[PDB]
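S.K.: Here it is: the structure, laid out below.
Cβ sites come from the backbone with ideal geometry, for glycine too, and all protein chains shown count toward neighbours. What follows is calculated from the coordinates using simple rules that are stated; it is not laboratory data.
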Amino acid sequence: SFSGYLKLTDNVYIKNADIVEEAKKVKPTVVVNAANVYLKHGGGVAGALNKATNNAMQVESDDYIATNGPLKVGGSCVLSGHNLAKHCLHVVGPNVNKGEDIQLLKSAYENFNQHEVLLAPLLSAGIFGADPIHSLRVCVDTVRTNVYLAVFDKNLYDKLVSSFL
Ligand SMILES: Cc1n[nH]c(N)c1C#N
């Protein structure tokens, strides 16, 4: 199972780790992808997870979009986890670099409550432009299920832990 995680709350855990390496090690039931509405997995966590699946995640995602149209910002869909997890929960956090409403970050985290346990990144953090300290606070105050957060950046991980209320 999950190892080396620091417990933040009753249900939120955090580790300085690459979510792709973490997924290959643990093979969780659910890995969360930091998706966009088009499921175009170009960069950040999405690009890394997709590259780990040899582009199978992108092929599956394009078929999903062709059938269903784009997701909503704050929404999600469950697709295959390929070689990383049983399932991938593609969650769209607001991209503040695209002028999207940051109030939608709580709606994005609410998707995690449909799964008992998840391996996840901080939503809207990194290339999505939001403050990761704010994302962790919204995560802790929204998610009630067991969430194992993988924070790639060491310096950000230390800042998140040392500033956690
Ligand atoms: C989380 C995570 N895992 N691997 C990455 N490249 C990220 C980011 N950002």
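S.K.: The conditions are (1) in contact (Cβ under 8 Å) with a residue 40 or more places away in the chain; (2) within 14 Å of the ligand (Cβ to nearest atom); (3) out of contact with any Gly (no Cβ under 9 Å at 6 or more places or on another chain); (4) within 20 Å of residue 116 (Cα to Cα), and residue 18 fails exactly one of them. Which is it?
M.R.: (4)
Per-residue answers, yes or no, for (1) among the β-branched types (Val, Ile, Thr); (2) surrounded by 14 or more Cβ atoms within 10 Å (Cβ to Cβ); (3) away from the ligand (no atom under 16 Å from the Cβ):
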{"site": "32", "(1), (2), (3)": "yes, yes, no"}
{"site": "50", "(1), (2), (3)": "no, yes, no"}
{"site": "67", "(1), (2), (3)": "yes, no, yes"}
{"site": "89", "(1), (2), (3)": "no, yes, no"}
{"site": "95", "(1), (2), (3)": "no, yes, no"}
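S.K.: Quick one: in segment 9-63, of everything that is over 15 Å from residue 148 (Cβ atoms) and of a type in the set (D, E, K, R), which residue is farthest from the chain's Cα centre (by Cα)?
M.R.: The selected residue is 63.
S.K.: Say whether the condition of being polar (S, T, N, Q), within 13 Å of the chain's Cα centre (by Cα) and within 14 Å of the ligand (Cβ to nearest atom) is met by at least one residue in segment 103-114.
M.R.: Scanning segment 103-114 turns up no residue that is polar (S, T, N, Q), within 13 Å of the chain's Cα centre (by Cα) and within 14 Å of the ligand (Cβ to nearest atom).
S.K.: Could you tell me which numbered condition residue 132 fails, if it satisfies all but one of (1) in contact with a helix residue (DSSP H, G or I) (Cβ under 7 Å, 6 or more places away or on another chain); (2) surrounded by 15 or more Cβ atoms within 10 Å (Cβ to Cβ); (3) in contact (Cβ under 8 Å) with a residue 60 or more places away in the chain; (4) more than 16 Å from residue 76 (Cα to Cα)?
M.R.: All conditions pass for residue 132, except number (3).
S.K.: Quick check on segment 1-15: of everything there that is in contact (Cβ under 8 Å) with a residue 12 or more places away in the chain and not in a strand (DSSP E or B), which residue is farthest from residue 158 (Cα to Cα)?
M.R.: From segment 1-15, those in contact (Cβ under 8 Å) with a residue 12 or more places away in the chain are 1-2, 4-6, 8-9, 11-15; that's our starting set.
Adding the requirement that they be not in a strand (DSSP E or B) leaves 1-2, 4-5, 8-9, 11.
On the way: 1: 23, 2: 19, 4: 14, 5: 13, 8: 13, 9: 17, 11: 20 Å.
Among those residues, the one meeting the criterion is 1.
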